[PDB]
Structure formats: C-alpha cells, structure tokens
C-alpha cells in the first residue's frame, strides 16, 4: 500500500502568480501542485493537495488525514498560521506528524507574522525557499 501525504494550503495561496506577473513572479499554486505530484512519483508516495480560504476546511482535512492513517501533513495555513488556536489543537489532537511550510520567511515580515500557532504544534517548519519549501517538506515527510 502507498503512504499518502496531505498537502494543505490556506487562504489566498490560490492567487499565487496572478497580480502583475512580470513584477511579483510567474509561478502559480497549480504549477507547485504539478512539481509536487512529479516529486511524489520520484519518492513513491501519493500526495493529496488542497486549498481553501476557510479555517474550518483545514481542520476537517487535518482530521480526515488521521482517519485515513496518512503518513504526514504538509501545512501552509497562510494567515490562519498567526490566528488559529483551532488549527493548533487539531495538529496536537491527531497522531499524524505535521510539517509547517511557508514560501516566504514570516520572521522577515510584519511582527504579527512572527506568531505561529502551527509551529507551536508541528514537528517542524520549512520557510522561505518559495516552491522549494514544499519540495524539502515532501522529501523530509517521505523519510519519516
């Protein structure tokens, strides 16, 4: 049976590479999903990739990953990283390890992004490598 790895994207990440692309970058959330589905072939794992602007959806998906005995979750909660006690509790309640991922380095941004409810509950964090943040997360998650 093939280990399944949830990759869960929070709000606004669906907008990646749309605002003035010849200024803020060309790469989109689908492009990253395509990269990752291929990396998952190289790594011999299936990868279930989802996005929602809803805090509740990320929790449902964390709980769904435990129900399905998933090997790992790679979680980019986006802005909910800094507000969601509920996502912190979800990660702590489930036995499936969670890896926090950010494209940008949140500590290099606004002070309100220094706070990570995900990071307080997760196994680990990879930040600041753009799409490479996901690819590193998926390698580490395969070797768990």
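Numbering follows the first chain given and starts at 1.
Just going by the entry, 106-114 versus 29-37 on mean CA temperature factor gives the higher value to 29-37. Stretches compared: 129-137, 14-22. Higher mean C-alpha B-factor in the entry: 14-22. The top Cα temperature factor in the record, among 67, 99, 62, 77, falls on 67.
In the deposited entry, the Cα temperature factor of residue 92 places it in the middle third of its chain's modelled residues. Split the chain's modelled residues into thirds by C-alpha temperature factor. Residue 43 is in the highest one.
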